[PDB]
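Heads up, the chain shows up twice below as structure tokens, two forms, tagged structure 1 and structure 2.
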Structure 1
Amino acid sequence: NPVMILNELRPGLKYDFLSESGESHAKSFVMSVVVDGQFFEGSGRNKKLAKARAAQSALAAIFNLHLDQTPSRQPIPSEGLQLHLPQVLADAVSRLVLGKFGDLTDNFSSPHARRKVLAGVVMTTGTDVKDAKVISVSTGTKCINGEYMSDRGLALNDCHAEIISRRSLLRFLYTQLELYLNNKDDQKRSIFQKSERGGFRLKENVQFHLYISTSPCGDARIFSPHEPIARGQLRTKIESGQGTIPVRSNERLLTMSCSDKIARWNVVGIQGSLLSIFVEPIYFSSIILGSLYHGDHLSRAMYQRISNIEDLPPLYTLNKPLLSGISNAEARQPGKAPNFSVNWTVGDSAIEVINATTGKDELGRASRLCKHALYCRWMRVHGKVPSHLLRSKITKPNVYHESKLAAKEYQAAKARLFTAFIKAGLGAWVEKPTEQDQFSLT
């Protein structure tokens, strides 16, 4: 009992009413108090719970961190307890992504603030709390309906929020690249550097953390949250929808589940193939779950299930980031999922709104985040790049797939990841129709 333990420890300590959003199948409250001179916070869909979590927050931070059920504890990464406590890092990133979402959604009064899933990327450069900035923000829980896949890179295949956040992260990564390889006055203030091995690398101590308001679909969610206490298969998403099915073993096309995709990023990096031709691989340092966190299942699904992996290409590893949930977890909303996806990256004017079921925008235009637009920015970068900084002999490219193919080493990493999955008995990844990349900027 949070309220009871705190008001038995401390004197009579009443509070006041702060926030009131929605009603019925959607409502939200937030409470704050001052205990021993503090300003703690608590969020919940009814008043008694908002304050109760504010109480457990105040207690854990002030006297000693709360002792809870064990599966709700976070596993520290292979390296890094530097970002203060891991749980405090989670609270920080979560509040940051919520705050920027509030900014983009005219402070939650916009109709797009109704979201079933919220995702975000956060960049940090220094252990001090000030040195932290929200890179991108996104929403979405649906996928392109197979009937509307546009082949020439004009449709978004996957608008689950965490996917959209990674794609905005790439949109930010290219911009930092042009910052470095633009007017060289931008080279001092940049996240990039020429690599100590030939090519491009990130500056030391600049990290990225991933936030999802919930556990990613697929393997990291397949568990009973009210019975914490051997299968890790790959799963594919269901037609234009939330929820995943496992793959058969060794008729419409499937998109891989979000747990599977997060694994892939934990092996071959978040930058993808084209970016690999230029930058050294980049790995998320932490994963923050708004809700539905179970340390065991999350760890299984993110990297542990493919610990049978070997033959790590030069500069690749099985990335084992920090896993953690947030202190004040979100709660389940029964009901249908929106048909839209919201994306925003740092430096952007406004949010962008895509219809998740068509992958083209609310008006019918392709996205600032689809294959075609990303290729054009990649071509911009290939133009003004010194011809010797490239990592493979990517000679002036003509087609999206082939340019992707020039990332021989990235592709080696993909090969060994698929090997790890089949050798583990978890099934065979579902590769997209290859023709979905057979276009140029023509």
Structure 2
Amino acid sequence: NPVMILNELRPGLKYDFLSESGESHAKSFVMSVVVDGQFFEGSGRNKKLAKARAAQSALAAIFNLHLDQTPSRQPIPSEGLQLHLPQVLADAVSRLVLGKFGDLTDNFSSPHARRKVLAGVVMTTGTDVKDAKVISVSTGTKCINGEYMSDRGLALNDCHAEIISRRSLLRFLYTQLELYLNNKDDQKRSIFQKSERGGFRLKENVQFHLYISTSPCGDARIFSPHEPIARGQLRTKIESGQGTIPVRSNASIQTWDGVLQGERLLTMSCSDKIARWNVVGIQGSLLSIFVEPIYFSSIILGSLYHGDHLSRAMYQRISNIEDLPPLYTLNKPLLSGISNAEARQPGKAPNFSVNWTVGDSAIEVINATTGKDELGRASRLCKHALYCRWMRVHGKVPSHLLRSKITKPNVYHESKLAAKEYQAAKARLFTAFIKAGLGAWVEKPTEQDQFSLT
């Protein structure tokens, strides 16, 4: 027990009750202790657990760590140890994401903070804790239903939270480029530099770290969390709320006018999409035609972390990949849970994907099941708007800086196909997953990318 040992070691101790929240199931408590002058805190649905986590924090800092379930450890990053310690980094990103989300919901008061899954991207420029800047914040645990998909790319396909935070990341990255391609003094303010290998790369020691409030659906979550000691397949999401199911690598694919008869559009799980990001980067197709591939250095799970299954889900299950294009590589980022893991909350999921990016005034609330915003308007994150920002970029970029020949863009899918190298790394990932025996990525019909800014 933590409070037992903490109150025998420093018996002259007094804990403090800060605030509460929620009602019914939803109820969250923060308790803060101060032992030897140093302050600590912890969180849980009842007061005794919040105090227990504060006591655990005090113990692990001042004295030492308690007898720990070893799967709750952390795989270290690919090449280096350069942003403080893994658990301290992870706790930092948890607090930062929660902080900005509080700001965006008027300190968790606003009706849109009633979320089931929180995700965020944070950016680190260096070792100092002061170089931390929250890049985007997102919630949501649902997806567009088939009959609300737009052939014009004005409706959001996948509103799962971590996905929405990646798309917000993309907005931030495009704006970073808009900053670079203006007053030529603003280029030292940018996050980018001109790549010697042509195009654009990132300044030294600019790291993006991913935080999800839970283990991402799909393969990273298929375990019994109360008994550690197992196939790694691909899974599609399901039309009924949250959850995923395996694929069949040999049968029959779908259509695009098929949400009107029987055999619908499946959407890939979040663990599979995050392995995708760990091979082809996070910039995606169009943005690759501008910048060198970008990967995350860390992944932080606020709950349901397990080192073995997370590791399998993020990179291990595609060890067998080879023939990686230049600048590409299978990304083995930092995996780490947190200390005060969030607790399960039985009940249905929201129909809303709220999102936000640094520089934006307020959040944006999307109806997940329709893929458009609360007032029927297309998002700032759907395919069409991202194409439009990328077109703003293509206009300003000198053509000798491009990473491929796309100086005549008309439609979305063709501009996508203009990334030879990227789509090559894609094809390598797909054959790596098939030859691994795990499945054939469900390719969404091309007919929703057949739009232009026309």
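Take the two forms, find the largest set of C-alpha atoms that superpose within 1.5 Å, and that set is the rigid core. Numbering runs along the sequence of structure 1, starting at 1.
Colleague: After the core is superposed, which of these residues, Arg377, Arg45, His66, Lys408, moves its CA 2 Å or more between the two structures?
Modeller: Shifted by 2 Å or more: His66 only.
Colleague: So with the rigid core superposed, the C-alpha of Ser240 shifts by how many Å between the two structures?
Modeller: It moves 5.5 Å at the C-alpha.
Colleague: For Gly80, what C-alpha shift in Å results between the two structures following superposition on the rigid core?
Modeller: Value for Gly80 between the two structures: 2.9 Å of C-alpha shift.
Colleague: After superposing on the rigid core, what is the C-alpha displacement of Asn182 between the two structures, in Å?
Modeller: That residue's C-alpha sits 1.2 Å away in the other form.
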